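Some notes on the structure that comes next.
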Amino acid sequence: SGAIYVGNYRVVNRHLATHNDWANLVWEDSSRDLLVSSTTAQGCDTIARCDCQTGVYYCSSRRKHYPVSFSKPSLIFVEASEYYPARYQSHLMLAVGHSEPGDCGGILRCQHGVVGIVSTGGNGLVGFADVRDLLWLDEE
Ligand SMILES: Cn1cc(NS(=O)(=O)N2CCC[C@H](C(N)=O)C2)cn1
Ligand SMILES: [Zn+2]
């Protein structure tokens, strides 16, 4: 589990969104595993506006923050699971690292702020859904 709190927005994995999230929906994209909903209180996270390929992520299955190298956001094939059929997930970045399904929501961050959240894993790799192109998150 886990979310990014920026201004009056809550950014979560779409496969983990609750009722309140869908009711107060701002934007969602199944092909990115992302969902943004409105909030009443202000969040304090800052989104990274950069092309960094190194950072640190939180792994709840290990209670540890790992420094990683990650690939640029791409269209990656993601096997079928209990949440989606086999499909291509867009804006996805991979790193060599440990993850389990319950790790989704863990923040990936660089010196500039939040880069994205854990979304995929398996085969000794961890996938993060990029949020750095979502410029509207800093305004309105
Ligand atoms: C973070 N993590 C997720 C997994 N397992 S997964 O890659 O099958 N994953 C299951 C939950 C939905 C994910 C998606 N975005 O399609 C795929 C392992 N580690
Ligand atoms: Zn950066």
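Going through the structure tokens in order, the chains are called A, B, and so on, while each chain numbers its residues from 1 and the ligands are numbered from 1 in the order shown.
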
Produce a table with one row for each residue of chain A that has an atom at most 10 Å from any atom of ligand 2, each row naming the nearest atom pair and its distance in Å at one decimal; use only C-alpha atoms and all ligand atoms; arrange rows by chain and rising residue number; format as a tab-separated table.
```
residue	atom	partner	partner_atom_place_in_ligand_line	distance
A:47	CA	ligand 2	1 (Zn)	9.2
A:48	CA	ligand 2	1 (Zn)	5.5
A:49	CA	ligand 2	1 (Zn)	6.6
A:50	CA	ligand 2	1 (Zn)	4.7
A:51	CA	ligand 2	1 (Zn)	6.1
A:52	CA	ligand 2	1 (Zn)	4.3
A:53	CA	ligand 2	1 (Zn)	7.7
A:54	CA	ligand 2	1 (Zn)	7.8
A:55	CA	ligand 2	1 (Zn)	7.8
A:109	CA	ligand 2	1 (Zn)	7.6
A:110	CA	ligand 2	1 (Zn)	4.7
A:111	CA	ligand 2	1 (Zn)	5.3
A:112	CA	ligand 2	1 (Zn)	4.3
A:113	CA	ligand 2	1 (Zn)	6.6
A:114	CA	ligand 2	1 (Zn)	8.2
A:115	CA	ligand 2	1 (Zn)	7.2
A:132	CA	ligand 2	1 (Zn)	9.2
```

Identify, counting only C-alpha atoms and all ligand atoms, the protein, DNA and RNA residues located within 7 Å of ligand 1, and give them as a ChimeraX atom specification. /A:15,33,78-81,83-84,99-104,118-122,126-127

Emit the selected residues as a PDB file, in the first residue's frame, including N, CA, C and O atoms.
```
ATOM      1  N   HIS A  15      -5.415  -0.368  -9.214  1.00  0.00           N
ATOM      2  CA  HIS A  15      -5.897  -1.645  -8.672  1.00  0.00           C
ATOM      3  C   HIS A  15      -6.084  -1.617  -7.130  1.00  0.00           C
ATOM      4  O   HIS A  15      -6.672  -2.531  -6.579  1.00  0.00           O
ATOM      5  N   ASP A  33      -1.778   1.874 -14.537  1.00  0.00           N
ATOM      6  CA  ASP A  33      -2.096   1.433 -13.180  1.00  0.00           C
ATOM      7  C   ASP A  33      -2.134   2.677 -12.252  1.00  0.00           C
ATOM      8  O   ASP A  33      -1.717   2.593 -11.094  1.00  0.00           O
ATOM      9  N   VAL A  78       3.188  -6.841 -19.215  1.00  0.00           N
ATOM     10  CA  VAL A  78       2.932  -7.274 -17.845  1.00  0.00           C
ATOM     11  C   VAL A  78       1.981  -8.476 -17.844  1.00  0.00           C
ATOM     12  O   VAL A  78       0.827  -8.345 -18.247  1.00  0.00           O
ATOM     13  N   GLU A  79       2.465  -9.643 -17.378  1.00  0.00           N
ATOM     14  CA  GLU A  79       1.680 -10.876 -17.300  1.00  0.00           C
ATOM     15  C   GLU A  79       0.329 -10.684 -16.600  1.00  0.00           C
ATOM     16  O   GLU A  79       0.171  -9.763 -15.793  1.00  0.00           O
ATOM     17  N   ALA A  80      -0.621 -11.586 -16.866  1.00  0.00           N
ATOM     18  CA  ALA A  80      -1.920 -11.553 -16.204  1.00  0.00           C
ATOM     19  C   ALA A  80      -1.746 -11.764 -14.693  1.00  0.00           C
ATOM     20  O   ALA A  80      -0.831 -12.481 -14.268  1.00  0.00           O
ATOM     21  N   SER A  81      -2.595 -11.097 -13.896  1.00  0.00           N
ATOM     22  CA  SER A  81      -2.650 -11.179 -12.426  1.00  0.00           C
ATOM     23  C   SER A  81      -4.150 -11.211 -11.982  1.00  0.00           C
ATOM     24  O   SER A  81      -5.035 -11.340 -12.838  1.00  0.00           O
ATOM     25  N   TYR A  83      -5.747  -8.650 -10.863  1.00  0.00           N
ATOM     26  CA  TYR A  83      -6.229  -7.302 -11.125  1.00  0.00           C
ATOM     27  C   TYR A  83      -6.358  -6.912 -12.619  1.00  0.00           C
ATOM     28  O   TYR A  83      -7.181  -6.056 -12.952  1.00  0.00           O
ATOM     29  N   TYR A  84      -5.545  -7.500 -13.507  1.00  0.00           N
ATOM     30  CA  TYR A  84      -5.587  -7.162 -14.931  1.00  0.00           C
ATOM     31  C   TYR A  84      -5.308  -8.392 -15.765  1.00  0.00           C
ATOM     32  O   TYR A  84      -4.439  -9.190 -15.390  1.00  0.00           O
ATOM     33  N   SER A  99      10.505  -7.053  -4.898  1.00  0.00           N
ATOM     34  CA  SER A  99       9.150  -6.600  -4.668  1.00  0.00           C
ATOM     35  C   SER A  99       8.167  -7.755  -4.626  1.00  0.00           C
ATOM     36  O   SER A  99       8.434  -8.837  -5.138  1.00  0.00           O
ATOM     37  N   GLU A 100       7.052  -7.530  -3.957  1.00  0.00           N
ATOM     38  CA  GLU A 100       5.909  -8.424  -3.856  1.00  0.00           C
ATOM     39  C   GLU A 100       4.656  -7.574  -4.081  1.00  0.00           C
ATOM     40  O   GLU A 100       4.732  -6.359  -3.919  1.00  0.00           O
ATOM     41  N   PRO A 101       3.487  -8.155  -4.433  1.00  0.00           N
ATOM     42  CA  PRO A 101       2.290  -7.317  -4.662  1.00  0.00           C
ATOM     43  C   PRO A 101       1.968  -6.277  -3.574  1.00  0.00           C
ATOM     44  O   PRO A 101       1.658  -5.133  -3.907  1.00  0.00           O
ATOM     45  N   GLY A 102       2.095  -6.636  -2.309  1.00  0.00           N
ATOM     46  CA  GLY A 102       1.856  -5.702  -1.205  1.00  0.00           C
ATOM     47  C   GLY A 102       2.807  -4.512  -1.152  1.00  0.00           C
ATOM     48  O   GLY A 102       2.554  -3.551  -0.418  1.00  0.00           O
ATOM     49  N   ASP A 103       3.902  -4.553  -1.941  1.00  0.00           N
ATOM     50  CA  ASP A 103       4.851  -3.449  -2.052  1.00  0.00           C
ATOM     51  C   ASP A 103       4.351  -2.286  -2.919  1.00  0.00           C
ATOM     52  O   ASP A 103       4.910  -1.186  -2.825  1.00  0.00           O
ATOM     53  N   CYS A 104       3.285  -2.502  -3.742  1.00  0.00           N
ATOM     54  CA  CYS A 104       2.698  -1.448  -4.582  1.00  0.00           C
ATOM     55  C   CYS A 104       2.326  -0.244  -3.729  1.00  0.00           C
ATOM     56  O   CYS A 104       1.829  -0.423  -2.629  1.00  0.00           O
ATOM     57  N   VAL A 118       5.746   2.086  -6.753  1.00  0.00           N
ATOM     58  CA  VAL A 118       5.867   0.669  -7.103  1.00  0.00           C
ATOM     59  C   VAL A 118       4.513   0.195  -7.676  1.00  0.00           C
ATOM     60  O   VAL A 118       3.447   0.544  -7.134  1.00  0.00           O
ATOM     61  N   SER A 119       4.569  -0.524  -8.805  1.00  0.00           N
ATOM     62  CA  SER A 119       3.402  -1.001  -9.528  1.00  0.00           C
ATOM     63  C   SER A 119       3.552  -2.456 -10.003  1.00  0.00           C
ATOM     64  O   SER A 119       2.559  -3.185  -9.997  1.00  0.00           O
ATOM     65  N   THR A 120       4.756  -2.866 -10.481  1.00  0.00           N
ATOM     66  CA  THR A 120       4.976  -4.236 -10.950  1.00  0.00           C
ATOM     67  C   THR A 120       6.201  -4.930 -10.255  1.00  0.00           C
ATOM     68  O   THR A 120       6.993  -4.272  -9.584  1.00  0.00           O
ATOM     69  N   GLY A 121       6.351  -6.237 -10.470  1.00  0.00           N
ATOM     70  CA  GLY A 121       7.463  -7.015  -9.944  1.00  0.00           C
ATOM     71  C   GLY A 121       7.456  -8.451 -10.419  1.00  0.00           C
ATOM     72  O   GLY A 121       6.479  -8.922 -10.986  1.00  0.00           O
ATOM     73  N   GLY A 122       8.548  -9.142 -10.170  1.00  0.00           N
ATOM     74  CA  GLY A 122       8.739 -10.536 -10.577  1.00  0.00           C
ATOM     75  C   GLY A 122      10.028 -10.692 -11.364  1.00  0.00           C
ATOM     76  O   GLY A 122      10.518  -9.716 -11.948  1.00  0.00           O
ATOM     77  N   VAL A 126      11.678  -4.907 -10.257  1.00  0.00           N
ATOM     78  CA  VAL A 126      10.615  -4.112  -9.676  1.00  0.00           C
ATOM     79  C   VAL A 126      10.265  -2.993 -10.677  1.00  0.00           C
ATOM     80  O   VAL A 126      11.147  -2.413 -11.294  1.00  0.00           O
ATOM     81  N   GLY A 127       8.978  -2.770 -10.885  1.00  0.00           N
ATOM     82  CA  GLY A 127       8.471  -1.773 -11.814  1.00  0.00           C
ATOM     83  C   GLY A 127       7.768  -0.644 -11.099  1.00  0.00           C
ATOM     84  O   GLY A 127       6.992  -0.885 -10.181  1.00  0.00           O
TER      85      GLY A 127
END
```

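Distance-wise, CA of residue 116 (chain A) and CA of residue 32 (chain A) end up 11.2 Å apart.
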
By how many Å are CA of residue 95 (chain A) and CA of residue 82 (chain A) apart? 22.9 Å

Write out as a PyMOL selection string the residues lying within 8 Å of residue 10 (chain A), counting only C-alpha atoms and excluding same-chain residues fewer than 6 positions away. chain A and resi 3-4+36-39

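Residue nearest residue 42 (chain A) within the list A:9, A:75, A:130, A:138: A:9 [criterion: smallest interatomic distance, only C-alpha atoms].
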
If you run DSSP over the backbone, which residues in chain A end up strand (DSSP E or B)? Put them as an MDAnalysis selection string. chainID A and resid 4:13 25:29 34:44 47 54:59 64:69 74:78 87:96 107:110 113:122 125:130

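Proximity to residue 12 (chain A) was assessed for A:87, A:106, A:44, A:60 counting only C-alpha atoms; the smallest distance is recorded for A:106.
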
Measuring between only C-alpha atoms, which one of A:7, A:73, A:105, A:2 shows the shortest distance to residue 93 (chain A)? A:73

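CA of residue 56 (chain A) is positioned 20.2 Å from CA of residue 134 (chain A).
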
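Of the listed residues (A:46, A:20, A:40, A:89), A:89 comes nearest to residue 77 (chain A); the distances count only C-alpha atoms.
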
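Candidate residues A:85, A:72, A:16, A:107 were compared for distance to residue 133 (chain A), and the nearest is A:72, using only C-alpha atoms.
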
Would you return as a VMD selection string the members of chain A that DSSP assigns to alpha helix (DSSP H) on this structure's backbone? chain A and resid 19 to 23

Can you write just those residues out, N, CA, C and O atoms, as an mmCIF file, in the first residue's frame?
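Just written: result-v4.cif:
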```cif
data_model
loop_
_atom_site.group_PDB
_atom_site.id
_atom_site.type_symbol
_atom_site.label_atom_id
_atom_site.label_comp_id
_atom_site.auth_asym_id
_atom_site.auth_seq_id
_atom_site.Cartn_x
_atom_site.Cartn_y
_atom_site.Cartn_z
ATOM 1 N N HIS A 19 -13.481 3.434 -2.525
ATOM 2 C CA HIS A 19 -14.747 4.069 -2.969
ATOM 3 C C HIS A 19 -14.595 5.581 -3.034
ATOM 4 O O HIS A 19 -15.001 6.180 -4.042
ATOM 5 N N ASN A 20 -14.056 6.168 -1.966
ATOM 6 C CA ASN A 20 -13.890 7.618 -1.927
ATOM 7 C C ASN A 20 -13.124 8.119 -3.131
ATOM 8 O O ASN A 20 -13.508 9.139 -3.706
ATOM 9 N N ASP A 21 -12.039 7.397 -3.506
ATOM 10 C CA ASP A 21 -11.177 7.691 -4.648
ATOM 11 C C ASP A 21 -11.991 7.771 -5.955
ATOM 12 O O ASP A 21 -11.883 8.760 -6.676
ATOM 13 N N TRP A 22 -12.798 6.748 -6.257
ATOM 14 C CA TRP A 22 -13.630 6.729 -7.474
ATOM 15 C C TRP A 22 -14.728 7.822 -7.452
ATOM 16 O O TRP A 22 -14.999 8.444 -8.479
ATOM 17 N N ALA A 23 -15.323 8.063 -6.270
ATOM 18 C CA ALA A 23 -16.353 9.083 -6.080
ATOM 19 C C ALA A 23 -15.783 10.480 -6.353
ATOM 20 O O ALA A 23 -16.459 11.302 -6.978
#
```
